[PDB]
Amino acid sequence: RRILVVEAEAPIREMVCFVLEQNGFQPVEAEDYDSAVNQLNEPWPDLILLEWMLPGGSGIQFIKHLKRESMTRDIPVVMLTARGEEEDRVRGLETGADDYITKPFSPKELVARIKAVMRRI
């Protein structure tokens, strides 16, 4: 599955990509909002992992943007946060994300979350 990993920190993206490739997914990287937007075209991501604090714009507007076109409307988005305190706050904001994972995360939790959202699509 093509997983778009949107996160500022190279070593974090790389840890994510490693876990995903070891598990048979096809991860690709975006370091900021515009890079992610530029990859909303063929080949389309099947799921997006989105850092809440991503440089370059708002995670709320990023998610609303996906809903603007039927093509991207149904792509699951898992929000990545920088620890549980931020996760609770972002849960509170009703951002429209499909699920949430906080950093640092285990390989088990990363795969479990991605699998769960993809299974219910």
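Quick note: we count residues from 1 along the sequence shown, nothing fancier.
- [ ] Mind pulling up the entry and telling me whether 39-47 or 64-72 has the higher mean Cα temperature factor?
- [x] Mean C-alpha B-factor is greater for 64-72.
Open item on the list: If you take the mean CA temperature factor per stretch, which one wins between 91-99 and 51-59?
Closed with: That would be 91-99.
Task: Position of residue 29 among the chain's modelled residues by C-alpha B-factor, lowest, middle or highest third - done: Its C-alpha B-factor belongs to the middle third of this chain's values.
Task: residue 107, C-alpha B-factor rank within chain (lowest, middle or highest third) - done: Within its chain, residue 107 is a lowest-third residue by C-alpha B-factor, going by the deposited values.
Task: CA B-factor ranking of residue 114, expressed as a third of its chain - done: Middle third.
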